[PDB]
Enquirer: 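What follows is a single structure, and I will ask about it in a moment.
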Amino acid sequence: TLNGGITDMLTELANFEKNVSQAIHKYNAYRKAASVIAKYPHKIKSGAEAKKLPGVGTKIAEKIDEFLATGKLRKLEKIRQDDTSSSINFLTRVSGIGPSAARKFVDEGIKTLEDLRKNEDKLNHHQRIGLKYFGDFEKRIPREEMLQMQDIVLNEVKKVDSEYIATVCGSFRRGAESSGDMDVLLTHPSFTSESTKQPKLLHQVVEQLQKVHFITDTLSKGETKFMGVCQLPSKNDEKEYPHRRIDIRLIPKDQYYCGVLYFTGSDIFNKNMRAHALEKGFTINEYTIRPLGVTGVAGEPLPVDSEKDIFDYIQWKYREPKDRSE
DNA sequence: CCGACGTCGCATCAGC
DNA sequence: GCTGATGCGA
DNA sequence: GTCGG
Ligand SMILES: Nc1ccn([C@H]2C[C@H](O)[C@@H](COP(=O)(O)NP(=O)(O)OP(=O)(O)O)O2)c(=O)n1
Ligand SMILES: [Mg+2]
Ligand SMILES: [Mg+2]
Ligand code: NA
Ligand code: NA
């Protein structure tokens, strides 16, 4: 946290632009600047020093000057005092409520936690669950609890079919001492890029985890992606664990390396890596890495036998998961 | 300066 | 019901 | 908001 004050300011600006201004490219701009500054190993002394870094331009340099001199940013101080901005910024903290819905709710005079709770019939299913567990979803998950959760998921998955492989990804795989949620990558030999020899492969696992009361709620669910809620079991006379977000992603087994690269993140790392790929004449998704012809159309999937192979194509030196937390 | 600036899954809706 | 666009999130 | 061509 060498430059915590600065990165916090930039993150709050990013959130404002995303949630209120609905300007995704400014949100992206601020987050890149925040990220490059976060990994800068010097305590920043000026906006000039910061401007040297890629992603930090004139405007953010000027803000860093103001922040260093005063400890505040007038632009943010005003935003914090704005009723519409503050309301919209709050409502978007509910999972399922984005920038559009938040502004619509404010229009209708729904703008506090209390208002949401007395207007549950105006929320869609995802939003209703997000409201239910608003408190819990704000809390972080200790790695110790993540390990307990991993143990349950892997063992229950094994009970269904021993040929499943479940891999916890996200911040957990990057070695984080705490995580915002649990991300699970799932493969099974019956589901490949070439065919699906067994239906309900994701559904069966979800079902089993519901059966043992680990999964408690469902935000969304399709053939390959589950977004939901889970909870560790507690002992006698013990206060219950908080409910936690869990995502499960079924990926073609022959496409594991692209899938695990994607689901390990970070999100900024993926954006930066996929951007670099384009510059080098490739495109990367959770399934494949493909070349781009002079056309601009993706060609055929290139051979991949490790995460490192993907780095090799775009001429990046390999980076272990723990070094991908951008 | 100016056009690009990651990529996709699921839920929901408008139009037909 | 289908198609395609939009919102939201990973 | 930043910046490579
Ligand atoms: N916009 C996004 C968001 C996430 N992702 C990919 C990699 C992320 O690590 C995988 C899981 O998303 P996530 O759970 O929201 N973030 P992550 O697990 O890294 O951190 P926390 O869950 O601890 O907050 O998202 C992405 O590629 N683009
Ligand atoms: Mg996560
Ligand atoms: Mg997640
Ligand atoms: Na710069
Ligand atoms: Na939200």
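Naming: A, B, ... by sequence-line order, numbering from 1 per chain.
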Enquirer: B:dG6, OP1 or OP2 - any side-chain N/O from A:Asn270 closer than 4.0 Å?
Expert: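 False: A:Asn270 side-chain N/O out of range (4.0 Å or more) of B:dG6 OP1/OP2.
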Enquirer: With respect to the side chain of A:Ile60, which nucleotide from D:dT2, C:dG9, B:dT7 is positioned closest?
Expert: D:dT2
Enquirer: Contact class for A:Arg31 vs. all strands (heavy atom < 4.0 Å): base, sugar-phosphate, or nothing?
Expert: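 No contact.
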Enquirer: So, do A:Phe134 and A:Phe90 have ring centers that fall under 6.0 Å from each other?
Expert: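 Distance test on ring centres: under 6.0 Å, yes.
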Enquirer: Just checking A:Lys221: base, sugar-phosphate only, or nothing, at a heavy-atom cut-off of under 4.0 Å?
Expert: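 Contact class for A:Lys221: sugar-phosphate only.
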Enquirer: Donor-acceptor pair under 3.5 Å: do we get one between A:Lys225's side chain and the base of B:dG9?
Expert: yes
Enquirer: Applying a 4.0 Å non-hydrogen cut-off, can you work out what A:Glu223 is touching in the nucleic acid: base, sugar-phosphate, or nothing?
Expert: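 Contact class for A:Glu223: sugar-phosphate only.
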Enquirer: In whole Å, what is the span from the CD1 atom of A:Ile314 to the P atom of B:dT7?
Expert: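 Distance, rounded to whole Å: 12 Å.
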Enquirer: Can you get from A:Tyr133 to A:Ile215 by hopping between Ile, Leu, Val, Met, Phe, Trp and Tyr side chains that sit under 4.5 Å apart?
Expert: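 No, because A:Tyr133 and A:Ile215 fall into different hydrophobic clusters, even though each may have its own neighbours under 4.5 Å.
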Enquirer: Tell me the interatomic distance from A:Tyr287, atom OH, to B:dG9, atom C1', rounded to whole angstroms.
Expert: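 After rounding, the reported distance stands at 7 Å.
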Enquirer: A:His126 stacking on C:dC8: centroids under 5.5 Å, ring planes under 30°?
Expert: no
Enquirer: Could you check which of B:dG6, C:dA10, B:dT12 has an atom nearest any side-chain atom of A:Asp181?
Expert: C:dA10
Enquirer: Across the strands shown, which category fits A:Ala101 at heavy-atom distances under 4.0 angstrom: base, sugar-phosphate, nothing?
Expert: sugar-phosphate
Enquirer: Under a 4.0 Å N-O cut-off, is there an ion pair linking A:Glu12 with A:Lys75?
Expert: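 No, no charged N to carboxylate O under 4.0 Å.
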Enquirer: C1'-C2'-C3'-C4' for B:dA4: north (positive) or south (negative)?
Expert: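 The B:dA4 sugar sits on the north side, the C3'-endo region.
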Enquirer: Scan A:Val94 against the nucleic acid and name what it touches under 4.0 Å (heavy atoms): base, sugar-phosphate only, or nothing.
Expert: sugar-phosphate
Enquirer: Identify, via the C1'-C2'-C3'-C4' dihedral, which side the sugar of B:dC8 sits on: north or south.
Expert: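 On the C2'-endo side: south.
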Enquirer: Counting just side-chain N and O atoms, does A:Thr283 come under 4.0 Å of either OP1 or OP2 of B:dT7?
Expert: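 The answer is yes; a side-chain N or O of A:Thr283 sits under 4.0 Å from OP1 or OP2.
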Enquirer: Let me know the distance between NZ of A:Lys59 and P of D:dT2, rounded to the nearest Å.
Expert: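 Distance, rounded to whole Å: 6 Å.
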Enquirer: For A:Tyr262, report the nucleic acid contact type (base, sugar-phosphate, nothing); a contact means any heavy atom under 4.0 Å.
Expert: base
Enquirer: Starting at atom CG of A:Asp217, determine the distance to atom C1' of B:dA11, rounded to an integer number of angstrom.
Expert: 17 Å
Enquirer: Rounded to whole angstroms, how far apart are CD1 on A:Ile24 and P on C:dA10?
Expert: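 One finds 13 Å between P of C:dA10 and CD1 of A:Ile24, rounded.
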Enquirer: Would you mind classifying the nucleic acid contact of A:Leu10 as base, sugar-phosphate or nothing, using non-hydrogen atoms under 4.0 angstrom?
Expert: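 Nothing, no nucleic acid heavy atom in range.
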Enquirer: Can you tell me if A:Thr224 touches the phosphate of B:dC10, counting only side-chain N or O atoms and a distance under 4.0 Å to OP1 or OP2?
Expert: yes
Enquirer: Rounded to the nearest Å, what distance is computed from the CG atom of residue A:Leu219 to the P atom of nucleotide C:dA10?
Expert: 9 Å
Enquirer: In whole angstrom, give the distance that lies between atom CG of A:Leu250 and atom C1' of C:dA10.
Expert: 15 Å
Enquirer: Hey, what's the ring geometry for A:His276 with A:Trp316, parallel, tilted or perpendicular (30° and 60° as the breaks)?
Expert: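 Rings of A:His276 and A:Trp316: parallel, under 30°.
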Enquirer: For A:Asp247, answer base if it contacts any base atom (sugar-phosphate contacts may also be present), sugar-phosphate if it contacts only those atoms, and nothing otherwise; contact means non-hydrogen atoms under 4.0 Å.
Expert: sugar-phosphate
Enquirer: A:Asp183 near the nucleic acid: base, sugar-phosphate alone, or nothing, with a heavy-atom cut-off under 4.0 Å?
Expert: sugar-phosphate
Enquirer: Closest heavy-atom contact between A:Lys122 and A:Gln127?
Expert: O-OE1, 4.5 Å
Enquirer: Measuring from the side chain of A:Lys271 (C-beta onward, heavy atoms only), which nucleotide among B:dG6, B:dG9, C:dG7 has the closest atom?
Expert: B:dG6
Enquirer: Between A:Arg245 and A:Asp136, is there a side-chain N and carboxylate O pair less than 4.0 Å apart?
Expert: no
Enquirer: Counting heavy atoms from C-beta on, name the nucleotide in D:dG1, B:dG6, B:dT7 closest to the side chain of A:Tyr30.
Expert: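 Of the options given, the side chain of A:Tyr30 lies nearest D:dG1.
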Enquirer: Expressed as a whole number of Å, how far does the P atom of B:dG6 sit from that of D:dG4?
Expert: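 Rounded to whole Å, the distance is 14 Å.
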Enquirer: Taking CG from A:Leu123 and P from C:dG7, how many angstroms apart are they, rounded to a whole number?
Expert: 18 Å
Enquirer: Give me the atom names and distance for the closest heavy-atom approach of A:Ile268 to A:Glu326.
Expert: CD1-O, 3.8 Å
Enquirer: Contact class for A:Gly96 vs. all strands (heavy atom < 4.0 Å): base, sugar-phosphate, or nothing?
Expert: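 Sugar-phosphate, no base atom in range.
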